[PDB]
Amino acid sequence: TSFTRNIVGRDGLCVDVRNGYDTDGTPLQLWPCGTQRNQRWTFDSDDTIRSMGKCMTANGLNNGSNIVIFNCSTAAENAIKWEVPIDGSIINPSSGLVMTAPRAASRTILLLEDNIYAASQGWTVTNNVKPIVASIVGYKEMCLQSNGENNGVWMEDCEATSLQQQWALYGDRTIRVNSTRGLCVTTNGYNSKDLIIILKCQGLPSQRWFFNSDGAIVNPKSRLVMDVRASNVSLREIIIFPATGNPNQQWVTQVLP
């Protein structure tokens, strides 16, 4: 079977065939999301991803290789097969390299690169091309709240009127301050007990998050998950820590009006 969607990534821009051209070798880029046909990608059972009747194609299979559109019958088979890991990567199975947006700007050309679990390598396959805006409810049924750039995130009692409890869940798998969308939830290191803060979005692995089926919020590079330190909300510290399933690591998203 097949179905068609946009592909949203870095800074909420979309995977777009450059200029709408369908000539073999036309690179893929970031561009503001829209309905144009060169942003509509059809996913088939054969592991191809197609726009304008042609296939997303690795124009080479080394670090830094370009990703292009190319005739599906004449391209190399191992260059047109893709899988979509649950954490939001888009991977070429033959090479193991993943789709990457090396810069945030529109017209940035997409490349295959070694997987470092960066936010530049996060994508979401969807027809809703706007970030989802939600409260993130956790331990003691409190809400995750931001407190300014460079400051910690922490738990507060949930308030419909607290804008700092409002999070934009971007397609690149970042968690952004909804009223200041250039700022991202960021782990301040990849080791256990490292603090979670707000920092300018820079596409980093420290800024990538995965909402898994167990109710954890996982940082893929470290493997560690968001944790209310010591189960003590009055410490006003959220850390990364190995997944335990304990209440201080359980979260849900609740969409906002």
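Numbers for residues come from their place in the sequence shown, where the first is 1.
- Given the B-factors recorded for C-alpha atoms, which segment has the greater mean, 62-70 or 217-225? Result of the comparison: 62-70.
- Message: Using only C-alpha atoms and the B-factors in the entry, which stretch averages higher, 53-61 or 226-234?
- Response: The deposited B-factors put 53-61 ahead on the C-alpha mean.
- Query: From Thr108, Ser179, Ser135, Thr174, can you pick the one with the highest C-alpha B factor in the entry?
  - Reply: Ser179 has the highest C-alpha B-factor of those listed.
- Looking at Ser95, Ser120, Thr124, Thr186, which has the biggest Cα B factor in the entry? Highest CA B-factor of the listed options: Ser95.
- Query: For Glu77, does the deposited CA B-factor place it in the lowest, middle or highest third of the chain?
  - Reply: According to the entry, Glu77 has a C-alpha B-factor in the chain's highest third.
- Item | Chain third (lowest, middle, highest) by recorded CA B-factor, residue given as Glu159 | CA B-factor rank for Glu159: highest third.
- Task: Please rank the C-alpha B-factors of the chain's modelled residues and tell me whether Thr23 sits in the lowest, middle or highest third.
- Result: According to the entry, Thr23 has a C-alpha B-factor in the chain's highest third.
- Message: Taking only the Cα B-factors deposited for this chain, tell me whether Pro242 sits in the lowest, middle or highest third.
- Response: As the PDB entry reports it, the C-alpha B-factor of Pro242 lands in the lowest third of its chain.
- Quick one: classify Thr253 as lowest, middle or highest third of the chain based on its Cα B-factor. Its C-alpha B-factor belongs to the middle third of this chain's values.
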